[PDB]
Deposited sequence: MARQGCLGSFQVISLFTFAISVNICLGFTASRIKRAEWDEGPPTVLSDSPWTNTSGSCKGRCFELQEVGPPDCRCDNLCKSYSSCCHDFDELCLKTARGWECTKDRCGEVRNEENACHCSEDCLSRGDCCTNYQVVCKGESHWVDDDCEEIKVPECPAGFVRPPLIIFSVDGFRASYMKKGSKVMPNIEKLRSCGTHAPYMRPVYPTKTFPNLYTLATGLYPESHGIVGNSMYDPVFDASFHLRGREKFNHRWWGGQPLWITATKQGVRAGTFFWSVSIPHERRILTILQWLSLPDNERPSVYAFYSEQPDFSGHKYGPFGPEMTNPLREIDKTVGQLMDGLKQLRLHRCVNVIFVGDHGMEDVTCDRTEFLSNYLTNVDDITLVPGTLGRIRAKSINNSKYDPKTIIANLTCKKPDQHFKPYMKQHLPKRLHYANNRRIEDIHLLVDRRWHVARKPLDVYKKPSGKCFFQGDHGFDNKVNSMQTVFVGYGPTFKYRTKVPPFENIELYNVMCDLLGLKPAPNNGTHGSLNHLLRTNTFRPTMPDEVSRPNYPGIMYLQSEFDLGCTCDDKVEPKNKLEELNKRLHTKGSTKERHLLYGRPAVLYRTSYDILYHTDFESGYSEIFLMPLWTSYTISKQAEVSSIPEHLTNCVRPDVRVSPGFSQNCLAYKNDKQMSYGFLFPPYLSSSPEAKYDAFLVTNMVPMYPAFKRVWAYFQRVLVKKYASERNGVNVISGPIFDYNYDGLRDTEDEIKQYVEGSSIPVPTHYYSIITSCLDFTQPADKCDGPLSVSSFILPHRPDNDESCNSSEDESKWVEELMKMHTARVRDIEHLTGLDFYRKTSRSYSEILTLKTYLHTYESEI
């Protein structure tokens, strides 16, 4: 019943006996002598010259006696002050080609150094503010920033780091959330979060344990000082082989707490950054002390950034809604609206939150209409009504929920939780160790990708997650995972002139009654259909398409627009022209009368007639197989994209290749719908209505080369535009399309990977680039930041 000899034990001693481990204070179960035996403080944390060779005093927090190296519990600077050694930060960086671990180490240990609220821009003030972190950054592997998940809150991001899952998949969709099945609420302050029912997926410490890899307990009670946390990881690393963990975790509540108090750019932020770097210095000094500084893989990682947010910048739903007392709001940098259950109508609530104030600093969303890149909808804990708060702003229920002590006060000057594309929300990643690359800069990536890497760093088979395994191979000098292209499931048909124009009774009227193009319009090979379906390849002068016979529309439409291409007007005799495609059966073609009968639905073309190379080739653009059902409100967005924006991108990027097509996601799970999951069709027909329309715009990273003659890395920008019957999302949609369309498309920017999940297609299968390069390209997100 005492902590003698079992201080910070890794053993699973539970209720009701008193424990002595990392979270005994959190579970309120420490033994009586835990503080006096395990949390010692005497003589501080740093050795002095007078303490060198001291008589061992069991009272002391750490020891400077000659025998302390044997015990593994020296102060982290013992060798520096006593044995005349240098600080790890003062040493010149030497490349770690192979792990230099003591005998008995079966794998290079992984220390995850989580820092709460560490903005990416905090690294700009380094070298002297953060000498130890700067050495890790410049001499290891770093990205300029790492993209967190939405919401950019602590618990959703830390668990995303641990599982590689979107919060909608691993369940921690917010710091606070309500589960209608549990009829209970989750909060980071409380005991309910310790209930395992809230945590889906498989975190890293569970993936490791299930595969015979010992994990140190990742979580530390706030009562434990950081020096004691580092000392405990160092003592754990001195355990025997059969007891020593292979993966550890240090969590710093800083610089989040000071960033919340003084804002990200405050001068009071350098002392916490110096404090964290001191802890980083203590870890590296301790590792070098244990001869582990060239054996351990250290990941310096943050969960999110920090934005200037003051209470003076708050939106109040009482200024929009008639009875906010009937509403439960998750307030702050994001908004989640629930029925309080004490006349609650989400349609009326959405309408009266939509573009009501001229500079409205939030936008309401039905969660299935949120930008798909956020992947924040497929969970019963995500409320149907969501508010995207503008950066630097808050949303609250009523004006009495804000709190300010003195005149014009605001207890906090910084906050986070915004859209994870926001640059202030970007956090840091530094990988230092034998498995990481030396002095290497990697492009920014999303924290959903780290779980795969940490599993690779530990020899672990990752649980199914939302990282693209292989996209971060360029961070590692050794790759345990070699990605392979998925097999094409459905082979394409290549129909000739099978049907006469006379056998068509589709109600279509038009006033006119091979590789040669693959080379030009299909630059990276045809997409692979990764599901069972019947579809045909259709060749034309200006575009190629994979036309689905089940969906009566192309799954994709590929075409290249040169830098010097010319945008022509639709000739007036062809304004309502839809010609039948003699290569496609009448039964597998759309009916033009179905669009007449459907008074809410119109139609558009995947390849734009505006970008036809000749008035003769323009007739192919009006084929029934280039036609997709489009709401007239969406046609405003699509026509502007097709007749102005594609040309603009071709003129800026020295030509572009465009792959456009429909997306069906009626259950908003981010995956392509089956035929039975499509909940809307064109009235009186089996023509399905897409929920989105994607486009993948690829060019040459070397803009001095045209898109069709590029012999190097590609540059991609993609979007998944919501196919909505109104433009309610765009508050300036009354104006010309040059004042709201491109802004709307930037908000719905997407990774090619997002489109692949949503379409069952695999792009970029025929390039001069390695597959790991392409996977990095597929996960790229053009943020417009």
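Enquirer: In sequence order, which parts of the deposited sequence are missing C-alpha coordinates?
Expert: No C-alpha for residues 1-55, 398-400, 572-587, 860-862.
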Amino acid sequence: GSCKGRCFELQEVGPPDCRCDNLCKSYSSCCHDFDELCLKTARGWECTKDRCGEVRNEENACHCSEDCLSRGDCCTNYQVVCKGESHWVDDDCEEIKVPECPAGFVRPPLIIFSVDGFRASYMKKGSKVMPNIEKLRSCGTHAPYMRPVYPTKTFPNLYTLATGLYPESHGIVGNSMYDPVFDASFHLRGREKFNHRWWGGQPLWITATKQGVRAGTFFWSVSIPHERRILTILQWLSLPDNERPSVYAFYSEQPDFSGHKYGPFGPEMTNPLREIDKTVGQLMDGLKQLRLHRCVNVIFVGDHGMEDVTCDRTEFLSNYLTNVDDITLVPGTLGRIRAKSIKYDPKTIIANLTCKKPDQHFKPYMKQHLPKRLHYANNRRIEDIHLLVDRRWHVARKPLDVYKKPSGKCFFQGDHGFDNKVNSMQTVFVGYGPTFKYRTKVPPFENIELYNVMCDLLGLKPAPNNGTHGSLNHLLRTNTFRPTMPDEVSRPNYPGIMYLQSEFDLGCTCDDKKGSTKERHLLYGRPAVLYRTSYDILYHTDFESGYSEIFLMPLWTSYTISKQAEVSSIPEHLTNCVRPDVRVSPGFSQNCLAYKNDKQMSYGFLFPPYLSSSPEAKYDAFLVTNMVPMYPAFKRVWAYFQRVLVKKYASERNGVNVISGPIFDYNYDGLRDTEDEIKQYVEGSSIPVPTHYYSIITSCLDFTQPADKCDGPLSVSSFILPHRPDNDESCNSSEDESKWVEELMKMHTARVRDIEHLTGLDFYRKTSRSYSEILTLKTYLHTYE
From here on, numbers count along this sequence of modelled residues.
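Enquirer: Would you tell me which stretch averages the higher CA B-factor in the PDB entry, 310-318 or 689-697?
Expert: Averaging CA B-factors over each stretch, the winner is 310-318.
Enquirer: Tell me which stretch, 463-471 or 480-488, has the higher mean Cα B-factor listed in the entry.
Expert: The deposited B-factors put 480-488 ahead on the C-alpha mean.
Enquirer: Specify which of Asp512, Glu449, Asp673, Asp456 carries the largest Cα B factor in the deposited PDB entry.
Expert: Answer for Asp512, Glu449, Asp673, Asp456: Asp512, with the highest C-alpha B-factor.
Enquirer: Go through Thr704, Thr333, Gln501, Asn195 one by one and give the residue whose Cα B-factor in the PDB entry is largest.
Expert: It is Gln501.
Enquirer: Going by what the PDB entry lists, where does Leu744 fall on CA B-factor within its chain: lowest, middle or highest third?
Expert: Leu744: CA B-factor falls in the middle third of its chain.
Enquirer: Looking at the temperature factor on the CA atom of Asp754, which third of the chain's modelled residues does it land in?
Expert: According to the entry, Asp754 has a C-alpha B-factor in the chain's lowest third.
Enquirer: Would you mind checking where the Cα B-factor of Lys25 ranks among the modelled residues of its chain, as the lowest, middle or highest third?
Expert: According to the entry, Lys25 has a C-alpha B-factor in the chain's highest third.
Enquirer: Of the three thirds of its chain by CA temperature factor, lowest, middle or highest, which one includes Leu574?
Expert: Highest third - that is where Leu574 ends up once the chain's C-alpha B-factors are sorted.
Enquirer: Please place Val428 in the lowest, middle or highest third of its chain by C-alpha B factor as given in the entry.
Expert: Bottom third by C-alpha B-factor.
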